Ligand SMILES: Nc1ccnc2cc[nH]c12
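Presented below, as structure tokens, is a lone chain in the form solved without ligand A1H4M.
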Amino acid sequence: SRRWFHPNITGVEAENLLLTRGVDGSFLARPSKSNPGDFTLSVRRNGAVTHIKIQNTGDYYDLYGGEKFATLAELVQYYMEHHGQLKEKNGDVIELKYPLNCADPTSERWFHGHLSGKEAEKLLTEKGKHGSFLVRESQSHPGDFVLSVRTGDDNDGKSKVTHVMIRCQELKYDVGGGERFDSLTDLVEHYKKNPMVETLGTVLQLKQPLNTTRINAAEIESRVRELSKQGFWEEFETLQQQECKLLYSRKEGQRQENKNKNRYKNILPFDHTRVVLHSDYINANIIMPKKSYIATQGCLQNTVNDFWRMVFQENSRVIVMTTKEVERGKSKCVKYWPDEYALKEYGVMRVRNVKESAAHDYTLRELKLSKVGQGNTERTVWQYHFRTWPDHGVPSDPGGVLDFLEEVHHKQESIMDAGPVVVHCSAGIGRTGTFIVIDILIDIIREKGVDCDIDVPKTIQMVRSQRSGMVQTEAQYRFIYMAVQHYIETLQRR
């Protein structure tokens, strides 16, 4: 559910909150507002408060003293069910028992804050379907709210927009009668499941929030203008608040004959999208939006053979490596390719490094992949190794990635019936997710023109349902917008 995350709260406010409205076992999560990628797991225990630091440089949620995780929902869930691992540095144990729910409706998809009643009717008239609703701050009475909901059938005749007053009196919310709720979210969820019925029959059904993220790709520059007043951060954490619906099973990655095949213990592939080898386990996920992807981790020494089994089985002809072998003084991926002009065997597979071509931003390696025994199974697999990506943060200018991405797309289209494009970094969720999302959004634009419809958060959430935590930080989220805008400019400048 992820109500335990408080988006706009200070460190001391979380202390008072756990100590007045919480008991030992209560916990919450919060970001440091000035330091992005800085998160704290504030846990109450032994009549005091324990602050556990979490850092996200772009690849994973690194919990200090603990493990690394793909999302905060998977972090909190892991420790609530695997009790004993979260320890107080000095041996003592931290217990996560009672999620302290937040009341802020800012990170909700349906809450539009300081929005007028005429704008709300226009957007619902234009973009809303049956059941599309929004909640805005009250035009008339300061402090109150208005639930605007569209009903009908999808205009000419019978579709309407009903406005429901939401009174807020002494921190409780109600629709003028019945039950008073502790938050706007609780009120919406209640009438989302038990919808209001009008006096003459019409059911005020809260189906889906009014979409306000889909834009015309031609006006990308206008949306980047408003997201940078903020807009970017409040749009990204609204995306992060929907990760609680993506706790799909990871039973295969958790099995113990597979625990050594994962670079990071608690970053595992979803069971319904994982790549199955013909043992059968590799930390890799099929990503589907004629182009699909394979998002996977950087190879370990004991999974290099499994990696080349996957590349062969999927008929992949392009590999995208978005990491160095060593970054931040730690190994992020094993060298799984032979030296130039050399021929090496990785299990039942054989790879020849035909020729390496060095560019400003990347190294291109023409590799010949074949299976030992079968006489003519050779295929050219092109490895695009991006090297200029920094250790922390994102590139300040998207030009190098876009040209690196344009070259990969041309390569993939030159090969008839080529399989999915293999993308990998360290954990295979951050840079890997940022790359796949940018390529997915560009593939839409390059086909159906610059005046097409793109939805950055809806695209990311779709990709996140196929692999945990695709796109890691807000800096990457912002970089996705900047990359798509730069690509939009270069075509229309041409």
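All residue numbers are counted from 1 along the displayed sequence.
Note that the form deposited with ligand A1H4M bound isn't included here; everything after this is about it.
(Q) Can you tell me if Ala217 lies within 4.5 angstroms of ligand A1H4M in the entry with it bound, counting non-hydrogen atoms only? (A) Heavy-atom contact with ligand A1H4M at 4.5 Å: absent for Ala217.
Q. Do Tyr487 and ligand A1H4M share at least one heavy atom pair within 4.5 Å in the entry with it bound?
A. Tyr487: no contact with ligand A1H4M in the entry with it bound.
Q. Any chance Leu72 has a heavy atom within 4.5 Å of ligand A1H4M in the entry with it bound?
A. Within the cut-off, so yes.
Q) Is there a heavy atom of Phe39 no more than 4.5 Å from a heavy atom of ligand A1H4M in the entry with it bound? A) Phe39: contacts ligand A1H4M in the entry with it bound.
Q. Counting only heavy atoms and a 4.5 Å cutoff, which of 237 to 245, 186 to 194, 348 to 356, 294 to 302 contacts ligand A1H4M in the entry with it bound?
A. Only one stretch qualifies here: 237 to 245.
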